[PDB]
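> Need coordinates for the following:
(2 chains, ligands or ions: 2)
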Number of protein chains: 2
Amino acid sequence: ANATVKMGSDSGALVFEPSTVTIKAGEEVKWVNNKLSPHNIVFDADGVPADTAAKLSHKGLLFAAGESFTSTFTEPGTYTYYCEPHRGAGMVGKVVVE
Amino acid sequence: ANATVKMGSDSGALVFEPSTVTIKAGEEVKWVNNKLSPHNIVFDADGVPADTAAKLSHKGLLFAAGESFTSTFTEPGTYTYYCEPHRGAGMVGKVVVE
Ligand SMILES: [Cu+2]
Ligand SMILES: [Cu+2]
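Numbering: from 1, shown residues only, chains lettered A, B, ... in the order given. Ligands and ions are numbered 1, 2, ... in the order given. There you are, the coordinates:
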């Protein structure tokens, strides 16, 4: 089903919650800015086509709570991503499209 | 309701079809690359906050048919936009959020 991922947990941690989501090809994932802004979504290119990873990324930073970004995943695969400003804190995620 | 806008008409014209869509605040619009690529979505900032217009834009160019971009409009207003490479051809659109 379509998935919603919180950027910054309710418990106040620099994480994507849930960190791993599984969807069906053709579905979308919406990231909603929650706590400890700012955040962004950058997909790494290992295991998936470099250009697809780029098209799925949203490099602009989100500041206000409730702001969101949506990406539609039409091709099956394992897409790992991260929040640039919080990479050191380990704010990483994964989307499995089947 | 959620709206889908074709970038490049079935009749083979450099236009957004439908050029004007009306949605309810909170809903989203999905632009799907159809014909005469490439295309992108850039919202102009007159009548709406400059930063909101930027957050709604998708500057990257789409080439393959079926590729898409999604933007969620949570704030009411009239958002006019255009396709950068086809501005001269008059490829412009409008989203009315109520
Ligand atoms: Cu972050
Ligand atoms: Cu165009």
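> Can you give me every residue that contacts the residue in chain A that chain B sits nearest to?
Proximity of chain A to chain B (C-beta to the nearest C-beta) peaks at residue A:70, 4.1 Å away. (C-beta placed from N, C-alpha, C; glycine too.) Residues counted as contacts of residue A:70 (C-beta atoms under 8 Å, 6 or more residues apart in numbering or on different chains) are A:28-31, B:28, B:70-72.
> who's it bridged to?
Residue A:70 has these beta-bridge partners by DSSP bridges: residue A:30.
> what's the answer for the one 10 residues further on, then?
In this structure, residue A:80 has beta-bridge partners residue A:94, where bridges are defined by DSSP bridges.
> cool, and residue A:16?
For residue A:16, the beta-bridge partners under DSSP bridges are residue A:7.
> ok, it - how many residues close by?
25 (other C-beta atoms under 10 Å in any protein chain shown).
> can you tell me how far it sits from ligand 2?
Residue A:16 is 33 Å from ligand 2, where distance means C-beta to the ion, to the nearest Å.
> pretty sure that residue is touching residue A:90, no?
No. Judged on C-beta atoms under 8 Å, residue A:16 makes no contact with residue A:90 at a distance of 10.2 Å.
> Among the contacts of residue A:70, which one is most surrounded by other residues?
Neighbour tally across the contacts of residue A:70 (other C-beta under 10 Å): the maximum, 24 neighbours, falls on residue A:31.
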